[PDB]
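A.B. asks: Please read through the structure below; I'll follow up with questions.
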Amino acid sequence: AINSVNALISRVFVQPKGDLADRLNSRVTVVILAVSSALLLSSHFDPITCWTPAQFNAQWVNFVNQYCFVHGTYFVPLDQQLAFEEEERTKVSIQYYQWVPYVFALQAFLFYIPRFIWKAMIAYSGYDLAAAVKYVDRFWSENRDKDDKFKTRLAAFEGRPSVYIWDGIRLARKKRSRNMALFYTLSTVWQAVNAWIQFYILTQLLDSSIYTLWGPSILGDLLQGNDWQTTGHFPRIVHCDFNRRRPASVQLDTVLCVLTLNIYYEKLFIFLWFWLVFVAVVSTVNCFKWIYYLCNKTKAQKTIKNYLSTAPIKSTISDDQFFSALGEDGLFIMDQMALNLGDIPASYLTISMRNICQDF
Amino acid sequence: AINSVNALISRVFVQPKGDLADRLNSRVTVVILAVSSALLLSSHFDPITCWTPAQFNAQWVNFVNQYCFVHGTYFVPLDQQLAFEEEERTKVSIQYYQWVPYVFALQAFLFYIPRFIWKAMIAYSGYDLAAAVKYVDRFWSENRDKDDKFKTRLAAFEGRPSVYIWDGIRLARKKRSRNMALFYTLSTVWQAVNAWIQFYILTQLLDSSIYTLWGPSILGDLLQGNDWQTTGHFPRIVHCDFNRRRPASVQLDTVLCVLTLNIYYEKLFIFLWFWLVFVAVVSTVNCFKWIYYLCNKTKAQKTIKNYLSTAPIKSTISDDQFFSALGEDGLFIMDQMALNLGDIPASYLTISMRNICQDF
Amino acid sequence: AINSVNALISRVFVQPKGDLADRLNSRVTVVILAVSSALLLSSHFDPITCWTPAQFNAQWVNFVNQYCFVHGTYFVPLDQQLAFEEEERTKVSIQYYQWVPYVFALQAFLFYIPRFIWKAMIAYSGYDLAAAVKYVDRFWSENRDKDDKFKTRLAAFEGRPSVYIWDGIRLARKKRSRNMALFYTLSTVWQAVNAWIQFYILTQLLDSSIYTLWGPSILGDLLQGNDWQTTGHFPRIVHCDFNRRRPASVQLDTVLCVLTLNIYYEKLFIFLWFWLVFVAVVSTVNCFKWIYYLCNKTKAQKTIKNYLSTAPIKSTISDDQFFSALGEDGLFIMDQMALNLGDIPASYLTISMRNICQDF
Amino acid sequence: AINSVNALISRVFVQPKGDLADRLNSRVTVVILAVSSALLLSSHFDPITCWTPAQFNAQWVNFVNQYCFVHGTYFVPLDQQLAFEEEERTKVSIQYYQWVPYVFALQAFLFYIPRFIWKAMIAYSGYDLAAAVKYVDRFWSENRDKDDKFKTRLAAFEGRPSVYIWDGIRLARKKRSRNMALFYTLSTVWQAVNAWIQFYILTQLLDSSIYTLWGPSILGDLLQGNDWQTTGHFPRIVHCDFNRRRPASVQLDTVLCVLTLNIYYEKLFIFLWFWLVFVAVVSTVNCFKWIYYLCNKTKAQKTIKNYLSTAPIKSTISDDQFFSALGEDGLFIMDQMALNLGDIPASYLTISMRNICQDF
Amino acid sequence: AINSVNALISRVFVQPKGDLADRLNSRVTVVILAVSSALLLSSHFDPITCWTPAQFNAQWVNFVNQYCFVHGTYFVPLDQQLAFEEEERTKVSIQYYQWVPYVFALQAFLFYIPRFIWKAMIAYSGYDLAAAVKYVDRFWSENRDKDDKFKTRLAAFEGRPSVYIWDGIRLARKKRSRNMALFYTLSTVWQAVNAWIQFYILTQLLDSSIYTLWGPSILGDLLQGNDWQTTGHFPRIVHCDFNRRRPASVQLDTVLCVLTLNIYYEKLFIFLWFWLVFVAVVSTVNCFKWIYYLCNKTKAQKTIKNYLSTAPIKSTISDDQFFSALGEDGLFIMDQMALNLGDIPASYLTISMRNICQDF
């Protein structure tokens with residue numbers, strides 16, 4: 001069949017509000033893994049077809065098909081006979097159907113967790129960003145328009161938003177955060193780990209009994225023209241095993257099945273592998289970034305200090321103290337706002353706050 | 001087939017108005033259990049397929065299929081013959097089809113009850129929150145916008161909303177609540193119990209005649225590579241039993257059926273198990289939280305007292321009395337509002353109410 | 001079947017905002033390759049049909065069809081017998097099904113990368129264009145309307161937008177760009193390479209074991225009336241190979257299959273080939289363009305200097321210094337704005353900025 | 001089946017903005033050729049049916065059908081036997097299936113190119129019309145309404161739009177166009193050629209080995225009652241050729257197929273032929289028109305000069321100089337505007353521009 | 001099946017703007033012929049069914065059905081045997097399937113041409129009506145509303161629209177029309193011819209070899225109870241002819257087919273015939289109308305002169321001269337406006353124009 005659902009994509013793909021760089025890779029991740037997870041268990045709506053000899057009446061075929069699909073399957077390169085017992089026949093054993101389609105659902109779930117962690121934790125801090133972001137935001141969106149406030153613009157920031165935030169610090173700083181930075185950087189480590197664990201669940205997918213994969217090995221095989229059966233691995237054609245019961249007991253036999261899926265799974269696994277391990281490496285640099293921010297922190301002030309390097313007319317107040325009274329949570333939320341609302345406005349914001357900060 | 005219904009999700013998933021933390025897990029719960037409950041009895045629209053010998057004309061196959069699906073089924077690892085009588089054959093007996101799809105409907109229903117309890121009970125108290133929440137809410141939403149009220153903002157709260165609530169206390173406090181807190185904390189205990197009972201209904205699902213499950217045992221089996229039949233448990237292939245009637249009486253026989261569902265049910269039961277018992281443990285801490293709030297209550301005042309720790313200019317009125325006249329219902333609804341409307345505004349609210357409170 | 005999806009087209013096809021010339025060929029590219037990539041693996045929803053002799057019961061036909069489709073196929077012109085062994089039979093070997101449908105997905109992905117590169121990199125520069133573009137943009141859209149500002153128009157630019165940008169340079173020029181031009185021209189080289197690599201992946205598609213293609217050779221064959229089999233190449237009718245297993249081991253045979261797809265693939269490959277290699281040559285001239293801009297750069301100033309060649313009344317300020325203090329990032333963003341917003345307005349912009357530039 | 005898509009039609013059929021006479025025939029062309037191109041490869045969703053003798057089991061019929069459809073077909077009038085070898089049998093050879101459905105896609109593409117050429121080239125000139133057209137346009141649309149400007153109308157044009165254009169000439173005329181006319185007339189020649197080439201691709205469709213067609217010959221045959229087979233040409237019933245392989249090698253035979261399509265293709269080819277060659281002849285007169293405009297050019301001024309033949313009160317300024325300073329690009333864009341916006345307004349425009357033109 | 005498309009009807013059926021009497025019969029025509037043209041080639045989605053003797057395996061039936069449908073068919077009243085050769089058998093020969101469904105498409109096309117002619121030609125005149133119609137139109141629509149202009153209404157017309165038109169005459173009358181009337185009346189003759197030609201293409205449909213039809217003959221037969229076969233004409237049951245090829249050459253035979261369509265075609269042909277020849281006779285009177293307008297023309301002035309027969313207060317200006325300076329194009333466009341906008345307003349228009357006409 002053919003079907004396409006846009007609104008389900010647009011919903012999470014956009015509606016949760018943040019631009020946060022390369023953390024949106026958690027989003028786009030969850031999308032890819034979610035979709036492919038589904039479309040695979042879609043059964044291409046012919047999961048697997050099999051060969052059965054000719055006297056079965058076709059209501060056995062529609063059986064032996066399933067029975068093959070559930071009870072295990074395996075492979076042999078072809079012409080070895082089968083030998084006997086279980087040993088040489090079942091050595092090379094491929095069933096991942098018990099794994100792929102669901103383990104991806106689990107995947108996407110574990111890429112969407114860390115956000116939920118974040119919102120929960122930042123809610124623990126008692127000081128919400130999201131409210132602030134929207135508030136100062138549509139502030140800027142609207143008043144930006146009007147001609148009136150440009151030369152007045154600075155004082156406008158001085159009155160309306162700047163005090164709002166600063167109060168936010170008043171109420172908040174009493175309750176359980178100077179520490180929000182550390183909460184955050186926890187969320188970024190936790191993120192990076194989660195990614196890695198995912199990667200390792202790929203390589204340990206298939207099974208640690210029968211080898212494992214990583215991309216340019218496999219490609220560098222395919223590109224060597226090693227096909228599949230003559231790799232000995234990634235089979236497209238298998239020999240299924242099957243049973244009956246009569247007064248003679250086990251009564252078993254083999255029927256060789258064509259295998260369609262295996263063309264998919266080892267079409268994508270390459271791609272999905274590149275793309276994950278990418279998501280790891282890009283998601284770790286952002287992880288240590290906030291430690292290298294958190295330990296040093298004397299050169300953290302840079303950008304903020306740098307905003308006071310434009311500083312029209314430079315009225316009075318010194319900084320080092322001013323940074324001191326502000327040291328923790330503000331220093332962060334500033335970076336956040338500058339990130340969402342962009343560069344130019346947040347300058348206006350800070351240069352306001354320094355000015356009106358007096359009693360604190 | 002393929003079908004997806006968004007509006008049914010968005011409806012309860014959002015439209016009932018509250019942000020209440022981790023109580024929305026009752027919501028998302030009801031979603032998951034509801035959906036899976038349905039999609040399972042969807043019959044993947046091939047419930048179970050069976051093997052029958054070859055002279056049945058295919059209008060018996062479409063019978064013996066059902067008949068197998070209703071009358072019991074069972075399992076044996078394979079090669080034991082069957083022995084005889086009923087004993088060794090029917091020992092290992094798996095039918096949960098009579099349970100899963102409906103018992104989940106019951107599940108979701110019992111996660112949605114406790115809300116209905118709450119709204120009913122809080123309606124018994126005679127003092128509604130929801131009205132207040134919306135009222136003070138869109139108050140803040142609108143007037144927040146306008147530039148006019150900032151330096152005036154405080155007095156604005158003083159007039160419009162603050163009196164409104166306070167009157168709410170006037171009418172209410174005459175009728176059947178100082179006690180609303182205790183009502184609430186009942187609802188949270190009741191909640192936690194309900195969750196637990198649900199868990200136990202999982203472990204007691206399947207049946208207390210044949211073992212029971214809990215997750216990392218099962219996984220820690222699968223990850224041991226114990227497959228299913230060689231676990232002896234969670235079978236994917238069964239031996240169905242069947243009857244006719246002729247002048248010779250019982251006239252019975254066996255036909256081995258493939259079983260598709262059992263790949264689902266023991267794909268999800270793991271996940272659903274983690275996720276429930278999670279929902280329990282996160283829903284209990286919130287349960288005792290309101291006892292540790294309700295017994296102590298002298299350090300309950302903390303946050304509220306803490307709001308009067310900003311307190312511009314601190315005009316006159318003392319607190320301890322002021323908390324005394326307010327002791328019960330207000331002390332709560334304050335926390336509620338601060339929870340929904342966020343931190344900064346509710347401060348404005350309280351610091352108003354203290355001020356205008358005179359005659360009471 | 002018949003189905004057509006517009007919104008998926010319009011979405012990326014338009015919604016990402018830029019008019020950038022002939023870089024939108026990356027867009028339209030991604031469209032074509034995306035669509036054809038899909039519609040081919042649509043299986044014209046009869047992938048391939050085969051001939052099998054007459055005693056197969058039709059549940060083998062529905063097998064041998066697939067089995068042919070996965071295990072390799074090949075061609076021979078017809079009447080050579082088959083000879084024997086593997087040599088003369090399998091010499092002329094055509095299976096690209098393992099390639100085309102997916103390798104196109106990869107294609108489109110690699111044409112959409114370079115944008116993502118660009119937005120990421122220009123975000124590294126800390127100075128965003130997009131904000132500016134929209135801002136100055138709807139500036140012009142709205143105020144253009146009103147009659148009031150025409151004779152006043154110039155001063156209007158002087159106040160509202162011009163200062164806005166200039167500040168943008170203030171904040172930005174402190175942080176990590178004078179260099180944005182070089183970033184950009186990297187993105188254009190990278191672009192051109194990517195295109196070329198794509199072309200070469202075409203010619204190396206099929207396989208470097210069996211010849212390769214380029215368009216007017218093939219056409220210039222077809223137009224010679226060389227058909228296909230009597231080209232010896234691009235076969236429409238193949239001889240599939242097939243196996244069983246009995247006590248006699250390999251037990252193999254051949255069945256000649258009709259091949260429908262090959263009429264598609266060698267209907268389009270021509271077209272797609274022209275259109276790619278086009279996209280290369282048009283995308284390289286634009287590549288060196290920004291080097292010939294970046295090295296010289298003394299005649300880069302031309303257009304900008306040329307705007308100050310209209311210059312009402314020519315108040316005072318000299319240029320060469322004025323260009324000097326502006327040298328890098330501005331010089332570019334000017335070209336950008338003139339590109340998006342068109343010619344006439346950006347003149348107004350620059351001629352404003354020169355005027356108000358004083359302290360810097 | 002039955003399906004109809006309007007929005008795809010309306011989209012290009014309207015949304016690209018211009019009224020340009022008889023150049024919209026490029027548009028309506030692309031429509032017709034596009035649609036018929038598709039609906040033909042729709043396979044009337046029975047491409048061709050064939051006769052095969054009676055022992056084929058119907059999974060060969062569904063083969064020999066295709067195999068006939070790909071490997072060539074041919075015709076003989078009926079009763080000649082077949083003779084032998086390949087000569088007299090395959091002389092009269094009709095397969096155009098390898099051509100029609102795709103070569104039309106190519107067609108429509110080549111009628112849509114010349115626009116893209118135009119927009120690209122006119123963008124090279126640096127002076128955009130489209131902006132101007134919309135601008136002056138909705139100018140006229142809105143202010144036309146208001147009663148205020150009628151007696152004032154002239155001066156209104158004097159201020160708002162007229163200066164806007166004139167500035168457009170200031171910025172533009174510095175950069176790479178006095179020449180836009182020649183660019184344009186190139187686009188019209190190029191257009192006319194493209195059309196002709198299309199025609200010739202019709203007549204050379206079918207093949208230059210077996211005759212060729214032009215309409216009133218064919219009709220003038222049909223209207224003579226020459227049917228088809230007794231034309232010897234345009235067959236509706238063919239004798240397909242077919243192969244097997246057994247130990248005896250080529251093993252070939254013939255099966256006569258009914259042919260449905262050929263009723264379509266030679267139903268439309270007539271119509272499509274008239275309509276193309278029309279589009280040529282109407283598109284050439286417009287081609288030389290702009291040479292007869294470009295060489296003479298002294299009588300080009302006519303219309304424009306004629307507008308200054310109404311000229312309220314005729315203040316001062318002479319013309320011949322005035323045309324001289326305006327000579328090139330303006331002279332054109334005037335004609336354009338008068339074409340889109342109609343006759344009456346553009347008069348107002350010019351008669352404004354003459355007046356305010358002073359310094360230039 | 002069942003399907004109904006409204007928007008395709010409403011689109012041309014309304015959206016092209018004019019009320020022009022009985023010229024809209026060109027519109028409704030194009031509708032009827034278009035629809036029936038389509039629904040007939042819809043194949044009632046069983047085109048024709050045939051009788052074949054009993055040993056054909058049903059994949060010949062699905063052949064001989066088509067083959068009958070393409071190669072000719074014929075009729076005989078029944079019991080004549082067949083005689084022999086081709087003479088007495090094939091004398092009475094009915095195949096119009098090669099004609100009806102497409103020749104109707106051609107029909108509708110030729111009823112829609114004359115409009116396109118008109119718009120093209122009236123565009124040649126350089127003076128557009130449509131603009132005027134819309135302009136003066138929504139003039140009247142809006143200002144009609146307002147109470148203010150009633151006693152002032154006349155002067156309102158005097159200022160706003162009336163001058164607008166008159167200017168239209170200024171610009172236009174310089175360029176290539178006093179003659180627009182003659183252009184128009186050409187379009188009406190051309191119209192009438194086209195209609196007639198259509199009629200004659202009906203009567204010459206079927207074929208001029210076998211009789212021809214006109215309505216009340218046929219009806220006056222049916223109403224005589226002449227049925228069909230015992231008319232000898234309009235057969236519902238035919239004897240199809242058919243071939244094979246074996247070593248014995250032509251090998252031909254006959255199979256009698258039921259014929260469903262012929263119940264349709266000779267259900268509608270009656271109706272469609274009445275309705276066409278109607279459209280002719282009503283479309284000719286309107287044709288000569290504009291000659292009897294164009295030659296006389298002294299009594300053409302009637303209506304216009306008659307408007308100046310109400311003429312409040314009759315200020316000064318004479319008419320005969322006034323008509324003289326206006327003689328041609330205006331005299332027409334007046335009739336047009338009065339036709340679209342109705343009677344009462346256009347009076348206001350003319351009585352304005354006479355008044356303000358001075359210098360001309």
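Residue numbering restarts at 1 for every chain of the structure tokens, chains are lettered A, B, ... in their displayed order, and ligands are numbered from 1 as they appear.
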Please identify all polymer residues within 8 Å of stretch 240-248 of chain E, counting only C-alpha atoms, omitting same-chain residues fewer than 5 positions from it, and present them as a list in words.
C.D. replies: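 My reading of the contact set: residues 64, 67, 68, 71, 72, 73, 74, 253, 254, 255, 256 and 257 of chain E.
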A.B. asks: I need the residues of stretch 110-176 of chain D that end up classed as alpha helix (DSSP H) by DSSP on the backbone, written out as an NGL selection string.
C.D. replies: :D and (110-124 or 130-145 or 153-157 or 163-174)
A.B. asks: Pick out the residues sitting within 8 Å of residue C:76, and hand them over as a VMD selection string; count only C-alpha atoms, and ignore anything fewer than 4 positions along from it in its own chain.
C.D. replies: chain C and resid 80 89 92 232 238 to 239
A.B. asks: Check every residue of chain E for an atom within 7 Å of chain D, counting only C-alpha atoms, and provide those that qualify as a PDB file with N, CA, C and O atoms, in the first residue's frame.
C.D. replies:
ATOM      1  N   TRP E  60      -9.210 -16.813 -23.875  1.00  0.00           N
ATOM      2  CA  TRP E  60      -9.550 -16.337 -25.192  1.00  0.00           C
ATOM      3  C   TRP E  60     -10.769 -15.452 -25.164  1.00  0.00           C
ATOM      4  O   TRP E  60     -10.855 -14.519 -25.961  1.00  0.00           O
ATOM      5  N   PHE E  63     -10.025 -12.184 -24.882  1.00  0.00           N
ATOM      6  CA  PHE E  63      -9.383 -11.709 -26.097  1.00  0.00           C
ATOM      7  C   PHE E  63     -10.473 -11.382 -27.097  1.00  0.00           C
ATOM      8  O   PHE E  63     -10.710 -10.215 -27.419  1.00  0.00           O
ATOM      9  N   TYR E  67     -10.814  -8.175 -29.503  1.00  0.00           N
ATOM     10  CA  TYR E  67     -10.653  -8.282 -30.943  1.00  0.00           C
ATOM     11  C   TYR E  67     -11.936  -7.951 -31.658  1.00  0.00           C
ATOM     12  O   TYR E  67     -11.922  -7.323 -32.715  1.00  0.00           O
ATOM     13  N   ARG E 160     -16.252  60.141 -11.120  1.00  0.00           N
ATOM     14  CA  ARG E 160     -15.323  59.028 -10.985  1.00  0.00           C
ATOM     15  C   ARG E 160     -15.222  58.142 -12.217  1.00  0.00           C
ATOM     16  O   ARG E 160     -14.162  58.106 -12.848  1.00  0.00           O
ATOM     17  N   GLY E 168     -10.286  56.309 -21.558  1.00  0.00           N
ATOM     18  CA  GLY E 168     -10.106  55.077 -22.303  1.00  0.00           C
ATOM     19  C   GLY E 168     -10.274  55.296 -23.788  1.00  0.00           C
ATOM     20  O   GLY E 168      -9.478  54.816 -24.600  1.00  0.00           O
ATOM     21  N   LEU E 171      -6.960  57.290 -25.167  1.00  0.00           N
ATOM     22  CA  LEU E 171      -5.810  56.457 -25.490  1.00  0.00           C
ATOM     23  C   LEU E 171      -6.137  55.511 -26.624  1.00  0.00           C
ATOM     24  O   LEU E 171      -5.352  55.353 -27.564  1.00  0.00           O
ATOM     25  N   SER E 249      -4.919 -20.681 -44.038  1.00  0.00           N
ATOM     26  CA  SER E 249      -4.480 -19.304 -43.879  1.00  0.00           C
ATOM     27  C   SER E 249      -5.452 -18.411 -43.124  1.00  0.00           C
ATOM     28  O   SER E 249      -5.229 -18.120 -41.946  1.00  0.00           O
ATOM     29  N   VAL E 250      -6.527 -17.970 -43.769  1.00  0.00           N
ATOM     30  CA  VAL E 250      -7.325 -16.908 -43.172  1.00  0.00           C
ATOM     31  C   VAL E 250      -8.073 -17.485 -41.986  1.00  0.00           C
ATOM     32  O   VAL E 250      -8.026 -16.921 -40.889  1.00  0.00           O
TER      33      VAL E 250
END
A.B. asks: What's around stretch 293-297 of chain D at 12 Å? Count only C-alpha atoms, leave out sequence neighbours fewer than 5 positions away in its own chain, and write the answer as a ChimeraX atom specification.
C.D. replies: /D:179-186,286-288,302-304,323,327-328,331-332,335
A.B. asks: Can you write just those residues out, N, CA, C and O atoms, as a PDB file, in the first residue's frame?
C.D. replies:
ATOM      1  N   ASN D 179      20.953  46.669 -22.647  1.00  0.00           N
ATOM      2  CA  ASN D 179      20.778  45.705 -23.711  1.00  0.00           C
ATOM      3  C   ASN D 179      19.598  44.784 -23.515  1.00  0.00           C
ATOM      4  O   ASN D 179      19.416  43.872 -24.324  1.00  0.00           O
ATOM      5  N   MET D 180      18.808  44.975 -22.462  1.00  0.00           N
ATOM      6  CA  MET D 180      17.848  43.949 -22.083  1.00  0.00           C
ATOM      7  C   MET D 180      16.958  43.528 -23.246  1.00  0.00           C
ATOM      8  O   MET D 180      16.585  42.354 -23.345  1.00  0.00           O
ATOM      9  N   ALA D 181      16.651  44.449 -24.159  1.00  0.00           N
ATOM     10  CA  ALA D 181      15.844  44.093 -25.320  1.00  0.00           C
ATOM     11  C   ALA D 181      16.453  42.924 -26.065  1.00  0.00           C
ATOM     12  O   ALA D 181      15.776  41.938 -26.365  1.00  0.00           O
ATOM     13  N   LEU D 182      17.742  43.011 -26.353  1.00  0.00           N
ATOM     14  CA  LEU D 182      18.388  41.951 -27.106  1.00  0.00           C
ATOM     15  C   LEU D 182      18.342  40.632 -26.351  1.00  0.00           C
ATOM     16  O   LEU D 182      18.083  39.580 -26.944  1.00  0.00           O
ATOM     17  N   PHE D 183      18.570  40.664 -25.042  1.00  0.00           N
ATOM     18  CA  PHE D 183      18.354  39.466 -24.250  1.00  0.00           C
ATOM     19  C   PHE D 183      16.989  38.881 -24.547  1.00  0.00           C
ATOM     20  O   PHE D 183      16.861  37.718 -24.950  1.00  0.00           O
ATOM     21  N   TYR D 184      15.958  39.702 -24.401  1.00  0.00           N
ATOM     22  CA  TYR D 184      14.597  39.237 -24.604  1.00  0.00           C
ATOM     23  C   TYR D 184      14.414  38.604 -25.974  1.00  0.00           C
ATOM     24  O   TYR D 184      14.015  37.439 -26.090  1.00  0.00           O
ATOM     25  N   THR D 185      14.702  39.360 -27.028  1.00  0.00           N
ATOM     26  CA  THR D 185      14.474  38.838 -28.365  1.00  0.00           C
ATOM     27  C   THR D 185      15.268  37.564 -28.611  1.00  0.00           C
ATOM     28  O   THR D 185      14.826  36.694 -29.369  1.00  0.00           O
ATOM     29  N   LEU D 186      16.418  37.406 -27.961  1.00  0.00           N
ATOM     30  CA  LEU D 186      17.031  36.088 -27.948  1.00  0.00           C
ATOM     31  C   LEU D 186      16.064  35.068 -27.395  1.00  0.00           C
ATOM     32  O   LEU D 186      15.843  34.013 -27.995  1.00  0.00           O
ATOM     33  N   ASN D 286       5.513  36.161 -33.319  1.00  0.00           N
ATOM     34  CA  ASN D 286       5.967  36.870 -32.141  1.00  0.00           C
ATOM     35  C   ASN D 286       7.480  36.858 -32.032  1.00  0.00           C
ATOM     36  O   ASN D 286       8.054  37.705 -31.346  1.00  0.00           O
ATOM     37  N   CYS D 287       8.148  35.912 -32.686  1.00  0.00           N
ATOM     38  CA  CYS D 287       9.604  35.923 -32.654  1.00  0.00           C
ATOM     39  C   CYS D 287      10.179  37.046 -33.498  1.00  0.00           C
ATOM     40  O   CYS D 287      10.912  37.898 -32.992  1.00  0.00           O
ATOM     41  N   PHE D 288       9.862  37.078 -34.790  1.00  0.00           N
ATOM     42  CA  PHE D 288      10.420  38.164 -35.587  1.00  0.00           C
ATOM     43  C   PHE D 288       9.886  39.518 -35.159  1.00  0.00           C
ATOM     44  O   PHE D 288      10.547  40.533 -35.402  1.00  0.00           O
ATOM     45  N   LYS D 302       6.820  54.646 -31.358  1.00  0.00           N
ATOM     46  CA  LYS D 302       5.499  55.093 -31.736  1.00  0.00           C
ATOM     47  C   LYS D 302       4.589  55.158 -30.526  1.00  0.00           C
ATOM     48  O   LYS D 302       4.293  56.252 -30.033  1.00  0.00           O
ATOM     49  N   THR D 303       4.217  53.995 -29.996  1.00  0.00           N
ATOM     50  CA  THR D 303       3.268  53.945 -28.891  1.00  0.00           C
ATOM     51  C   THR D 303       3.657  54.911 -27.788  1.00  0.00           C
ATOM     52  O   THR D 303       2.826  55.684 -27.301  1.00  0.00           O
ATOM     53  N   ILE D 304       4.928  54.895 -27.394  1.00  0.00           N
ATOM     54  CA  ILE D 304       5.356  55.752 -26.301  1.00  0.00           C
ATOM     55  C   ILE D 304       5.171  57.203 -26.678  1.00  0.00           C
ATOM     56  O   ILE D 304       4.540  57.977 -25.950  1.00  0.00           O
ATOM     57  N   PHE D 323      13.522  60.916 -25.188  1.00  0.00           N
ATOM     58  CA  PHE D 323      13.736  59.544 -25.615  1.00  0.00           C
ATOM     59  C   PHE D 323      15.196  59.179 -25.669  1.00  0.00           C
ATOM     60  O   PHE D 323      15.536  58.025 -25.412  1.00  0.00           O
ATOM     61  N   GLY D 327      16.923  55.743 -23.873  1.00  0.00           N
ATOM     62  CA  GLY D 327      16.711  55.016 -25.121  1.00  0.00           C
ATOM     63  C   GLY D 327      16.341  53.552 -24.978  1.00  0.00           C
ATOM     64  O   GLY D 327      15.492  53.046 -25.713  1.00  0.00           O
ATOM     65  N   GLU D 328      16.960  52.851 -24.033  1.00  0.00           N
ATOM     66  CA  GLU D 328      16.967  51.398 -24.153  1.00  0.00           C
ATOM     67  C   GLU D 328      16.001  50.670 -23.230  1.00  0.00           C
ATOM     68  O   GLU D 328      14.897  50.296 -23.638  1.00  0.00           O
ATOM     69  N   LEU D 331      12.421  52.078 -22.524  1.00  0.00           N
ATOM     70  CA  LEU D 331      11.562  51.933 -23.688  1.00  0.00           C
ATOM     71  C   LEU D 331      10.873  50.587 -23.705  1.00  0.00           C
ATOM     72  O   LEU D 331       9.718  50.475 -24.124  1.00  0.00           O
ATOM     73  N   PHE D 332      11.549  49.562 -23.210  1.00  0.00           N
ATOM     74  CA  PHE D 332      10.955  48.240 -23.147  1.00  0.00           C
ATOM     75  C   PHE D 332       9.997  48.124 -21.974  1.00  0.00           C
ATOM     76  O   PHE D 332       8.797  47.862 -22.152  1.00  0.00           O
ATOM     77  N   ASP D 335       6.580  49.186 -22.431  1.00  0.00           N
ATOM     78  CA  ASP D 335       5.710  48.264 -23.144  1.00  0.00           C
ATOM     79  C   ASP D 335       5.247  47.147 -22.238  1.00  0.00           C
ATOM     80  O   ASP D 335       4.071  46.766 -22.260  1.00  0.00           O
TER      81      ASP D 335
END
A.B. asks: Among stretch 200-300 of chain C, which ones does DSSP assign to strand (DSSP E) (computed from the backbone)? Answer as a list in words.
C.D. replies: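 Reading the DSSP output for stretch 200-300 of chain C, strand (DSSP E) covers residues 237, 238, 239, 240, 241, 242, 243, 252, 253, 254, 255, 256, 257, 258 and 259 of chain C.
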A.B. asks: With only C-alpha atoms as the counted atoms, please give the residues lying no more than 9 Å from residue E:33, apart from itself and same-chain residues fewer than 6 positions off, as a compact mmCIF listing (two decimals) with N, CA, C and O atoms, in the first residue's frame.
C.D. replies:
# COMPACT_ATOMS: atom_id res chain seq x y z
N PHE E 104 -16.43 13.82 -29.99
CA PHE E 104 -17.04 14.78 -29.08
C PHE E 104 -16.01 15.67 -28.40
O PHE E 104 -16.24 16.88 -28.25
N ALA E 105 -14.89 15.11 -27.96
CA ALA E 105 -13.85 15.98 -27.43
C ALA E 105 -13.54 17.09 -28.41
O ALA E 105 -13.54 18.28 -28.06
N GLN E 107 -15.53 18.25 -30.62
CA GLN E 107 -16.69 19.13 -30.58
C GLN E 107 -16.52 20.22 -29.54
O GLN E 107 -16.37 21.40 -29.88
N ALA E 108 -16.53 19.82 -28.27
CA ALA E 108 -16.44 20.79 -27.19
C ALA E 108 -15.32 21.78 -27.43
O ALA E 108 -15.49 22.99 -27.26
N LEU E 272 -29.25 15.09 -28.06
CA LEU E 272 -28.16 15.94 -28.46
C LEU E 272 -28.44 16.59 -29.81
O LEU E 272 -28.00 17.71 -30.06
